[PDB]
Amino acid sequence: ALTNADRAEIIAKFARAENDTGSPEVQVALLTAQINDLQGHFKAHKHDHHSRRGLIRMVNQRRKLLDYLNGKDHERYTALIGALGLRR
RNA sequence: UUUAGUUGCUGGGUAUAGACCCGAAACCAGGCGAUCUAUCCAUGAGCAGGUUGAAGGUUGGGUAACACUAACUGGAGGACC
């Protein structure tokens with residue numbers, strides 16, 4: 001799992017302003033870090049469906065935020081997906 | 001109570017022997033054969049030419065990851081002509 005320091009580094013890197021924790025960039029980066037972290041758990045616990053539901057919820061939330069950001073500003077969307085490595 | 005036998009030689013018959021001659025399928029004992037053939041052991045040799053295209057591998061697409069998937073390779077088989 002990730003710690004407060006790890007989350008703070010991501011927030012500081014992707015923040016668009018001072019004390020900015022609500023921007024789509026920050027939210028999507030946090031969700032991406034959490035999703036990449038959980039892949040290790042689901043490798044050793046393949047039959048844990050109850051947690052996989054929460055993982056799917058994280059994926060859906062990331063998709064919705066990405067679509068909203070693409071609608072608001074295309075340049076920011078491309079920059080964020082490039083910085084995070086997401087294919088879409 | 002019956003009062004001529006016996007020993008030779010020749011001949012007829014019988015018995016024991018192959019016993020008038022020829023003829024089995026068999027049974028038993030001791031030896032000879034695996035240069036043919038059956039199986040096995042050791043050491044060598046042989047199988048023109050042409051098809052089909054298993055496993056495996058690489059790359060790409062796809063997925064939140066897995067799945068799934070296309071092409072290229074690869075050369076299996078009591079496989080095919």
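A, B, ... follow the sequence lines: proteins, then strands. Residue 1 opens every chain. When reading the values below, keep in mind they use all heavy atoms of this one structure, side chains included, and skip hydrogens, waters and symmetry mates.
Neighbours B/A19 and B/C20 do not stack on each other, since their six-membered rings do not meet both centres under 5.5 Å apart and planes tilted under 30°. Stacking check, B/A29 with B/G30: both criteria met, centre separation under 5.5 Å and interplanar angle under 30°. Judged by ring centres under 5.5 angstrom apart and ring planes under 30 degrees, B/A34 does not stack on its strand neighbour B/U35.
Base pair annotation for B/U52 with B/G77: paired, by the Watson-Crick or G-U wobble rule (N1-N3 plus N6-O4 or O6-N4, or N1-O2 plus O6-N3, under 3.5 Å). Nucleotides B/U58 and B/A79 are not base-paired: the Watson-Crick or wobble atom pairs do not both lie closer than 3.5 Å.
Atoms CD (A/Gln39) and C1' (B/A64) sit 6 Å apart, rounded to a whole Å. Going from atom NE2 of A/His45 over to atom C1' of B/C66 covers 17 Å, rounded to whole Å. Atom P of nucleotide B/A65 and atom CG of A/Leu31 are separated by 15 Å, given to the nearest angstrom. For the pair A/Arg63 CZ and B/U63 P, the interatomic distance rounds to 10 Å; values are reported in whole Å. Note: CG (A/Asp48) to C1' (B/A65) measures 15 Å, nearest angstrom. B/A65 atom P lies 21 Å from atom NE2 of A/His47, rounded to whole Å. What separates CG of A/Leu66 from P of B/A64 is a distance of 12 Å, to the nearest Å. Taking atom CZ of residue A/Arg52 and atom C1' of nucleotide B/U63, one finds them 12 Å apart after rounding to whole Å.
Comparing the same atom, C1', in B/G75 and in B/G53 gives a spacing of 8 Å after rounding to whole Å. For B/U73 and B/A55, the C1' atoms lie 13 Å apart once the distance is rounded to whole Å. For the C1' atom pair drawn from B/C22 and B/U16, the interatomic distance equals 24 Å after rounding to whole Å. The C1' atoms of B/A71 and B/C66 are separated by 23 Å, rounded to the nearest whole Å.
In the interface, the side chain of A/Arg87 is paired with the base of B/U63 through a donor and an acceptor atom under 3.5 Å apart.
Atom CG of residue A/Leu80 and atom CD of residue A/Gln27 lie 11.5 Å apart, to the nearest 0.5 angstrom.
Annotated as anti: B/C27, whose glycosidic dihedral deviates from 0 by more than 90°.
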Next item on the list: Dump the intermediate steps for side-chain contact (heavy atoms from CB on, under 4.5 Å) on A/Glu25 and A/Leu69, then the final yes or no.
Entry: CA-CA 8 Å; A/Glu25 279 89 351; A/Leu69 186 61; 3.8 Å; yes
Notebook entry, point to check: Going through the distances and angles, do A/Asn4 and A/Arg7 end up as a side chain to side chain donor-acceptor pair (under 3.5 Å)?
Noted result: CA-CA 5 Å; A/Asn4 284 19; A/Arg7 274 187 299 277; 2.7 Å; yes
